[PDB]
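Notes follow the structure.
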Amino acid sequence: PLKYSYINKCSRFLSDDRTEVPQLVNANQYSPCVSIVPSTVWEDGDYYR
Amino acid sequence: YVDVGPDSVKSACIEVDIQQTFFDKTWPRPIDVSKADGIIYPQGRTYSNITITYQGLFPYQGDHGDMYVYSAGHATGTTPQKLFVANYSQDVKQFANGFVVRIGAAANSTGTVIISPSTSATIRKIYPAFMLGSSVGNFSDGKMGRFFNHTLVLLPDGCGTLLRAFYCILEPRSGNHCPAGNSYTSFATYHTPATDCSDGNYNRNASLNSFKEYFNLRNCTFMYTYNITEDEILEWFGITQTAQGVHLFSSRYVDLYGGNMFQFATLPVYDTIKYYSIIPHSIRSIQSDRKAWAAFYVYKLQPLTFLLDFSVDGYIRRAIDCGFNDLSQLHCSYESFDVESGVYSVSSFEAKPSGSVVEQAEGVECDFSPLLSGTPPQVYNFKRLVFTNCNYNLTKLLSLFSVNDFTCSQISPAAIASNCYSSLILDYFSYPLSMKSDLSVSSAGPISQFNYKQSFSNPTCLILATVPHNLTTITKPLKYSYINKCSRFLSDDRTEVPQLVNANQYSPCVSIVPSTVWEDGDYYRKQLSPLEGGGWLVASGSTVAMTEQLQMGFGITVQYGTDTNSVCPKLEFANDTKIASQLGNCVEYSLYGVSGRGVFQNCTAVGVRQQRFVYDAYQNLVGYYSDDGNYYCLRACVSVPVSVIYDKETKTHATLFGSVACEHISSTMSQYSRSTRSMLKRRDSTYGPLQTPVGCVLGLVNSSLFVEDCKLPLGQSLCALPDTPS
Ligand SMILES: *[C@@H]1O[C@H](CO)[C@@H](O[C@@H]2O[C@H](CO)[C@@H](O)[C@H](O)[C@H]2NC(C)=O)[C@H](O)[C@H]1NC(C)=O
Ligand SMILES: *[C@@H]1O[C@H](CO)[C@@H](O[C@@H]2O[C@H](CO)[C@@H](O)[C@H](O)[C@H]2NC(C)=O)[C@H](O)[C@H]1NC(C)=O
Ligand SMILES: *[C@@H]1O[C@H](CO)[C@@H](O[C@@H]2O[C@H](CO)[C@@H](O)[C@H](O)[C@H]2NC(C)=O)[C@H](O)[C@H]1NC(C)=O
Ligand SMILES: *[C@@H]1O[C@H](CO)[C@@H](O)[C@H](O)[C@H]1NC(C)=O
Ligand SMILES: *[C@@H]1O[C@H](CO)[C@@H](O)[C@H](O)[C@H]1NC(C)=O
Ligand SMILES: *[C@@H]1O[C@H](CO)[C@@H](O)[C@H](O)[C@H]1NC(C)=O
Ligand SMILES: *[C@@H]1O[C@H](CO)[C@@H](O)[C@H](O)[C@H]1NC(C)=O
Ligand SMILES: *[C@@H]1O[C@H](CO)[C@@H](O)[C@H](O)[C@H]1NC(C)=O
């Protein structure tokens with residue numbers, strides 16, 4: 001790999017802009033956040049929405 | 001990737017006319033669980049004629065299902081015309097641990113054409129097509145049900161003797177009446193019997209090719225096909241998903257007559273299915289040659305348990321949904337299809353919960369009142385109020401001024417009012433509207449340069465507003481003023497260094513400038529001490545004439561706590577139901593973090609007053625002192641015991657609700673203890689509840705007979721006679 005990478009956060013913001021919902025990965029399932037994250041993380045601490 | 005073969009050449013498609021009102025029919029098909037309808041055979045094991053309980057995914061016994069009907073497209077004369085179809089393409093459904101379907105149940109019977117139902121054509125079995133996947137969304141025309149990434153496709157091809165499965169990315173087509181086109185209506189597929197399904201040459205690719213006309217296949221990663229032969233007999237099919245991937249089940253491979261499902265096939269795809277839909281299809285047959293099609297049904301799987309009556313030949317012949325009604329529960333408790341007659345206990349009604357009641361301290365108030373009196377400061381002299389741990393309504397605060405500028409950075413102006421923060425800070429000053437072009441955190445104006453600045457480390461806002469004629473305690477400066485210069489001369493008396501104002505801070509030059517600037521262009525200087533490195537402070541200012549109503553500006557900043565966000569826009573039931581109390585039923589509650597569900601009632605006052613929570617020796621809350629100064633008592637809530645009378649000889653039943661009495665009894669129940677009460681209704685649809693000394697009953701009948709032993713006594717002098725023998 002160009003760099004080894006991982007997702008160190010996965011949550012969804014609540015529509016009211018005051019709270020946030022965490023999303024731990026389910027056993028034997030891809031995290032939902034994979035739909036936005038790039039095939040590699042371009043820089044450490046990158047975040048996406 | 002998979003060798004699917006070439007994309008069809010035309011980008012063009014047949015237009016799809018939606019005729020969905022023609023498909024409204026009422027032909028429900030509830031599951032006959034006693035016939036083992038829809039039962040999936042257990043995995044990897046078989047049994048003797050012994051009855052066993054079992055747990056697995058199954059349909060509810062009472063579900064009538066979802067019904068769909070395929071039909072011929074429009075045709076006239078001797079040729080095909082634009083399609084007439086059901087709007088089923090819009091039926092996005094949430095996937096829910098699989099489903100099963102019923103196919104061909106209407107075989108060897110007649111019905112109507114539906115799209116042209118006056119023909120009353122006989123009906124024949126047709127195989128359904130489906131799409132499954134992890135996401136759905138709008139078509140470029142805003143149409144429902146477009147799918148993303150890769151999806152499952154199940155399509156029969158040509159005649160039902162061939163079946164294919166796919167995992168690919170669909171690609172839209174820009175041709176007329178196709179998905180990237182703006183002439184698109186709805187996706188559909190079709191079969192053309194004129195050449196399709198020739199007796200010596202069935203068209204194995206027929207359905208797929210008509211599918212290709214609306215979507216180009218892309219990146220197919222899986223394809224499968226299956227060998228099927230014609231048989232008008234009813235068949236069962238279904239889908240489940242596991243960490244081992246998707247599995248397919250059918251009754252056709254093993255049990256053509258009993259209908260038990262078996263796992264016919266499995267699929268490598270383990271990608272989670274989040275959505276489900278039926279793919280529409282139509283027949284291109286000649287108008288006089290149109291044929292009506294058999295009804296088609298769908299049912300949903302659930303994590304239920306059942307009695308299973310295995311036959312000695314290992315087929316399941318009968319089953320009991322344990323949760324369907326009280327009697328079914330009784331059968332499950334004895335693992336049998338024949339419980340001995342008696343009176344039996346059944347689970348109690350859990351009652352019903354009402355809307356919540358909560359009491360918590362209130363009256364926070366954010367001390368914002370200083371803004372309403374005296375003369376506001378010149379913009380370089382702005383006054384600040386810091387607020388933490390407190391309750392506010394900034395939209396109420398801002399209704400005290402007419403706002404001529406409501407803007408913010410890194411927060412919408414509406415959101416900062418509704419957002420909770422660890423702190424709320426407000427700056428205020430007089431400010432003429434004539435200077436409004438110069439008030440931004442990004443402004444080129446002298447106000448941002450020397451008078452007021454806000455940090456970009458926090459969301460901030462700027463407000464311009466003016467004073468109402470009814471705020472008479474507010475007064476105004478002789479002239480509006482600002483500093484238009486602030487620099488220090490370097491000690492060599494030639495070099496000079498500008499001093500732009502620091503974010504969230506007064507300019508250093510405020511120390512030399514007067515509380516207002518007496519005239520436009522006034523300037524001042526101060527010698528600086530050797531500790532300062534020498535030099536001179538220099539500053540100047542400018543003014544704007546006073547106005548009939550005071551004009552003002554404000555600054556707002558906030559800090560969001562990670563978990564310290566104690567400042568919030570709490571309201572004391574403004575725009576709300578006022579749920580501080582109910583008297584009463586059984587609605588959950590919270591009292592200063594104490595919580596439970598129960599009924600409150602107004603009662604006397606026990607001591608010690610102001611200890612708030614009265615408790616018994618078992619720590620049940622007994623009652624509570626409200627902040628309205630009244631004691632209320634709490635009885636939590638109560639439930640209704642139930643029992644049933646079972647007459648095994650006649651296989652009939654009746655029920656008793658015990659001590660609850662018939663004043664709380666109704667033909668249906670809102671509480672509820674089980675998924676249905678309809679078994680009682682089988683005869684009790686025609687009768688009112690009867691009160692007895694023990695309690696209210698259903699379907700008891702008042703015979704006023706005297707009998708020694710009824711073999712079903714209810715206790716007391718009550719007795720329960722069986723219907724007379726055949
Ligand atoms: C299968 O269940 C049947 C239930 O009928 C059992 O057959 C009964 O056996 C008892 C005593 O062995 C007889 O009194 C009944 O008359 C039988 N029933 C019938 C309908 O004849 C049987 O034992 C079970 N096992 C097998 C292998 O058949
Ligand atoms: C209508 O559908 C099929 C087709 O005729 C019938 O299924 C047959 O049932 C008999 C019963 O023993 C089987 O032996 C045949 O193999 C079945 N298939 C055929 C003839 O293709 C079904 O029973 C019919 N429905 C009725 C008569 O109500
Ligand atoms: C079972 O499936 C196989 C292939 O999976 C079938 O074999 C081919 O089927 C096509 C059907 O369009 C025919 O055109 C070919 O001539 C068949 N080839 C061979 C070598 O048989 C097969 O016909 C299916 N049915 C049975 C009963 O085996
Ligand atoms: C078409 O689908 C809609 C779903 O919104 C449904 O209301 C309507 O009854 C359908 N037409 C039928 C089933 O004939
Ligand atoms: C899956 O679909 C989403 C929908 O927006 C898209 O953004 C994403 O690129 C797709 N992923 C693929 C094709 O791998
Ligand atoms: C999907 O299809 C595109 C066609 O443009 C191809 O380039 C790509 O390699 C395919 N496979 C993926 C994204 O895994
Ligand atoms: C609630 O209790 C108090 C004290 O017992 C008494 O005024 C009355 O019963 C209730 N108050 C009402 C209904 O205003
Ligand atoms: C049942 O019959 C008895 C006969 O003595 C009568 O007194 C009683 O009121 C009846 N009750 C109901 C609920 O019909």
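If you're wondering about the labels, chains in the structure tokens are A, B, ... by order shown, residues count from 1 in each chain, ligands from 1 in order shown.
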Quiz item: If we count only C-alpha atoms, which residues of chain A reach to within 10 Å of chain B? Please list them as a list in words.
Solution: residues 16, 17, 18, 19, 27, 28, 29, 30 and 35 of chain A
Exercise. Show me which residues sit within 9 Å of ligand 2 when counting only C-alpha atoms and all ligand atoms, and put them as a PyMOL selection string.
Key: chain B and resi 104-109+124-125+230-234+256-257
Self-check item: All residues having an atom within 12 Å of ligand 5 (only C-alpha atoms and all ligand atoms) as an MDAnalysis selection string
Solution: (chainID A and resid 32:39 49) or (chainID B and resid 133:139 146:151 168:171 218:219)
Practice problem: Output the neighbourhood of ligand 1 as a count of residues only, that is, all protein and nucleic acid residues with some atom at most 12 Å from the ligand, counting only C-alpha atoms and all ligand atoms. | Solution: 12
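Proximity of B:641, B:534, B:280, B:111 to residue 187 (chain B), computed with only C-alpha atoms, is greatest for B:280.
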Self-check item: Non-local contacts of residue 684 (chain B) (12 Å; only C-alpha atoms; under 2 positions in same chain excluded) as a ChimeraX atom specification
Solution: /B:653-655,666-668,677-682,686-690,697-701
Self-check item: Computed interatomic separation between CA of residue 162 (chain B) and atom 21 (O, counted along the ligand's line) of ligand 3 (Å)
Solution: 13.5 Å
Exercise. Identify, counting only C-alpha atoms and all ligand atoms, the protein, DNA and RNA residues located within 8 Å of ligand 8, and give them as JSON, numbers by chain.
Key: {"B": [690, 691, 692, 701, 702, 703, 704]}
Practice problem: Name each residue within 9 Å of ligand 3, counting only C-alpha atoms and all ligand atoms, as a list in words. | Solution: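 Protein and nucleic-acid residues within 9 Å of ligand 3: residues 162, 201, 202, 203, 204, 205, 225, 226, 227, 228 and 229 of chain B.
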Output N, CA and C atoms of each residue in that selection to a file, as an mmCIF file, in the first residue's frame.
data_model
loop_
_atom_site.group_PDB
_atom_site.id
_atom_site.type_symbol
_atom_site.label_atom_id
_atom_site.label_comp_id
_atom_site.auth_asym_id
_atom_site.auth_seq_id
_atom_site.Cartn_x
_atom_site.Cartn_y
_atom_site.Cartn_z
ATOM 1 N N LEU B 162 -35.802 -21.162 -17.080
ATOM 2 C CA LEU B 162 -34.461 -20.671 -16.835
ATOM 3 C C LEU B 162 -34.475 -19.527 -15.853
ATOM 4 N N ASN B 201 -36.914 -23.771 -29.395
ATOM 5 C CA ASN B 201 -35.829 -22.837 -29.158
ATOM 6 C C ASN B 201 -36.209 -21.746 -28.191
ATOM 7 N N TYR B 202 -36.257 -22.058 -26.914
ATOM 8 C CA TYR B 202 -36.615 -21.033 -25.965
ATOM 9 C C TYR B 202 -35.545 -19.957 -25.922
ATOM 10 N N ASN B 203 -35.961 -18.704 -25.807
ATOM 11 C CA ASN B 203 -34.965 -17.653 -25.802
ATOM 12 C C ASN B 203 -34.412 -17.450 -24.423
ATOM 13 N N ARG B 204 -33.306 -18.125 -24.175
ATOM 14 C CA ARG B 204 -32.618 -18.056 -22.904
ATOM 15 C C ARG B 204 -32.162 -16.665 -22.489
ATOM 16 N N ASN B 205 -31.941 -15.765 -23.444
ATOM 17 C CA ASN B 205 -31.505 -14.431 -23.081
ATOM 18 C C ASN B 205 -32.610 -13.387 -23.153
ATOM 19 N N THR B 225 -26.864 -19.362 -13.086
ATOM 20 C CA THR B 225 -28.122 -19.721 -13.702
ATOM 21 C C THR B 225 -28.637 -21.016 -13.138
ATOM 22 N N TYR B 226 -29.937 -21.271 -13.299
ATOM 23 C CA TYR B 226 -30.490 -22.498 -12.760
ATOM 24 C C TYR B 226 -31.455 -23.200 -13.683
ATOM 25 N N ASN B 227 -31.442 -24.521 -13.552
ATOM 26 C CA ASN B 227 -32.297 -25.420 -14.309
ATOM 27 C C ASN B 227 -33.636 -25.646 -13.621
ATOM 28 N N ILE B 228 -34.695 -25.218 -14.284
ATOM 29 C CA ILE B 228 -36.062 -25.316 -13.803
ATOM 30 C C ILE B 228 -36.923 -25.981 -14.868
ATOM 31 N N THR B 229 -37.964 -26.709 -14.488
ATOM 32 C CA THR B 229 -38.826 -27.226 -15.542
ATOM 33 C C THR B 229 -40.243 -26.790 -15.231
#
Practice problem: List all protein, DNA and RNA residues that have at least one atom no more than 6 Å from any atom of ligand 7, counting only C-alpha atoms and all ligand atoms, and write them as a PyMOL selection string. | Solution: chain B and resi 602-604+630-631
Written file, previous selection with N, CA and C atoms, as a CSV table (one decimal), in the first residue's frame:
chain,number,residue,atom,x,y,z
B,602,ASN,N,-53.5,13.2,43.2
B,602,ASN,CA,-53.4,14.2,44.2
B,602,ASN,C,-53.8,13.6,45.6
B,603,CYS,N,-52.9,13.7,46.5
B,603,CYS,CA,-53.2,13.2,47.9
B,603,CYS,C,-52.8,14.2,49.0
B,604,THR,N,-52.8,13.7,50.2
B,604,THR,CA,-52.6,14.6,51.4
B,604,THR,C,-51.2,14.9,51.5
B,630,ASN,N,-47.7,20.6,46.0
B,630,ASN,CA,-48.6,19.6,46.3
B,630,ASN,C,-48.0,18.2,46.3
B,631,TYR,N,-48.4,17.4,47.3
B,631,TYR,CA,-48.1,16.0,47.4
B,631,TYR,C,-48.9,15.2,46.4
Quiz item: Using only C-alpha atoms and all ligand atoms, which of B:194, B:322, B:441, B:85 sits nearest ligand 4?
Solution: B:85
Quiz item: Quick one: residues within 9 Å of region 9-12 of chain A, only C-alpha atoms counted, chain neighbours fewer than 5 positions away excluded, as an MDAnalysis selection string?
Solution: chainID A and resid 20:25 31:33 47 49
Residues as selected, C-alpha atoms, written as a PDB file, in the first residue's frame, can you do that?
ATOM      1  CA  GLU A  20     -23.537  13.372  17.356  1.00  0.00           C
ATOM      2  CA  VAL A  21     -24.240   9.632  17.043  1.00  0.00           C
ATOM      3  CA  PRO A  22     -21.208   7.233  17.286  1.00  0.00           C
ATOM      4  CA  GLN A  23     -21.099   4.220  14.991  1.00  0.00           C
ATOM      5  CA  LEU A  24     -19.013   1.282  16.212  1.00  0.00           C
ATOM      6  CA  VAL A  25     -18.484  -1.388  13.571  1.00  0.00           C
ATOM      7  CA  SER A  31     -18.482   0.115   8.809  1.00  0.00           C
ATOM      8  CA  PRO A  32     -21.164   2.418   7.227  1.00  0.00           C
ATOM      9  CA  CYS A  33     -18.544   5.175   6.973  1.00  0.00           C
ATOM     10  CA  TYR A  47     -11.748  13.581   7.849  1.00  0.00           C
ATOM     11  CA  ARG A  49     -18.379  13.901   5.477  1.00  0.00           C
TER      12      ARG A  49
END
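Distances to ligand 6 were evaluated for B:72, B:447, B:220, B:465 using only C-alpha atoms and all ligand atoms, and the minimum falls at B:220.
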Quiz item: If we count only C-alpha atoms, what is near residue 1 (chain A) at a cut-off of 12 Å, once residues fewer than 5 positions away on the same chain are taken out, given as number ranges by chain?
Solution: A: 39-42
Serialized selection, C-alpha atoms, as a PDB file, in the first residue's frame:
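Output file out-v5.pdb is given in full below:
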ATOM      1  CA  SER A  39      -9.362   3.886  -0.638  1.00  0.00           C
ATOM      2  CA  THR A  40      -6.380   5.257   1.328  1.00  0.00           C
ATOM      3  CA  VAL A  41      -6.179   8.100   3.794  1.00  0.00           C
ATOM      4  CA  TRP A  42      -4.349  10.893   1.970  1.00  0.00           C
TER       5      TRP A  42
END
Quiz item: What are the DSSP strand (DSSP E or B) residues of chain A, as a count of residues only?
Solution: 6
